[PDB]
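Only one chain is shown below, in structure tokens, and it's the form deposited in one PDB entry.
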């Protein structure tokens, strides 16, 4: 909440007594509107009496002040004298900087109960107007810092005693003369609640093109609780604030339109701000009101999906939501030949002296020895697909010795591709066609196998493959035809068990195979738009991107869902590489990266923070409750940042929670990242208390100590640069209520950059 005064120029209303303040003078002590050379302001005249303006707050207001903090900002001109007292006080302590001119005319500072005197300016600057800032950070061991003109003067100001309770400005001594023109005075009590519990899961972003427009989101949870409860209906909500986050328009439910009968639950509003059209693009997930992610009760045949809504910042209108599940929710039969070998065979009766046609739509997620095999009694044709240590798709054909680069662009390296095999009886050979691309021709080994076969061969070679369709035709008739895409999405009634459908499952060691994708969830915070992709291979500038959560069936992981199209068309990248281990038969041990956030780094690389959801230790190697991953290709594939997990943040909370990360861009040119997360009430604990904020000046290699932002409940949070000096912050606190913080990153940064001895 704000409390200020300012020189409007007009008569009647430029009086602090108009702008809500109180008069508190003693004889001769006067005030008056001055406008020196067009400089409108309130002149305080503490000649032979005190002239000072007060303002009185409520108990709850001071509590809020103690919980989330405050900041005081004064733009004034000290004309003469001393005991210029601009400060705040609550019934038990105050912070009192005394602004005055020394016998030598220089403007100087001194703090109550604090040894030392500091010259602010000298010469004729000493009577110039200046910016004066008092900044208070809540803590068990609190403090405040004082800034003069964006520089930091004193820090660690220990609060002293009083029983005075109010905000005050002017000359506070009756016996000490002081004269000053105040062009502006601002008092801000931090966290105004914008969204109330049990609504949860906020995110936020700001316009850079229309300075001041901020857009916040959360989940309207009617009944409270995570999506999937028969006892709730969750929707998405927003609030915009055209003034930096001071006031906010009415709460808008973007979803009720979409969910007529409240048959669905929506979740995870992940918006992205797009500078070219100057729009917010929010993406969020839908689930049926009775099943979702939790307990993995969500099935590929329920209404899980992803939808977006576009907000026109220029005219403040919203466009009805658009569904894009199709483009981003894969439907396929999936085979994970990790620590196992899994194969599906269909015995066929192909007349090998006559022609035949083979078609399979396959996608290689990772590894090798995933393969397709046609055998017509006499001979065998085998295409072994595998991914390079360079991240390229390669093909080993049978009998052949030389592998064939199949794809270089990482994006194509992990996308679907129609592999065709054309058999010519005539000259007794076949040819390979990857999406119209005639590759090679060859005559595989001789056998007595009359087969159509696919899967992962070696039990000692890990690979994973996803099938969508398989067909085999001879002389104008389809012998075999399997469409995973179609069945995946079918209700249990529709028979999809390969075995029962005709195939022979052949598997050694442990594997896992499933139909389609159970659900996609965009994620908690905000998304970005990439701008440093020019020297990155195959990525582009203007890419809209965000790390979504995929639930295959049982295990959760994260992938990118992006748009090089500006947003009309969407893509999907590979999943995070996780270390796996079978503790026993049918007992798998891996991580499950969930709530995730990314920042585009200076060189173009992508930096991701992900929360580790069910089990964080694999092979005795502990993974904190959080891990970082890096992508050097625009978010197509990632690589784990070994030993870049929770521990990277001193004093972070050992609990598992959602955090946030962003880029902060200084007008002067410099930049860095801002990172939010709770700390726990005592030294790095498992508790959602005292949200902190780390920075990183070296591009996420390291981070610098958590500066505390809150004293109390701190949960999910999201941060985004408001303007050149500010970062607005949105968190969950008491009873999950979501509060707003307007941080001055430019000033706070300084509490970390100085070296003293």
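Under this definition, the rigid core comprises the largest set of C-alpha atoms superposing within 1.5 Å between the forms. Numbering follows the first chain given and starts at 1.
Quick note: we don't show the form deposited in another entry, though the next part is all about it.
No residue of 261, 586, 103, 491 other than 586 has its CA displaced by 2 Å or more between the shown form and the other one when the core is superposed. For residue 15, the Cα coordinates differ by 2 angstroms or more between the shown form and the other one after the core has been superposed.
Taking 2 Å as the criterion, residue 737 does not count as shifted between the shown form and the other one: its C-alpha moves by less than this amount when the rigid core is aligned. Relative to the superposed rigid core, the position of the CA of residue 701 differs between the shown form and the other one by less than 2 Å.
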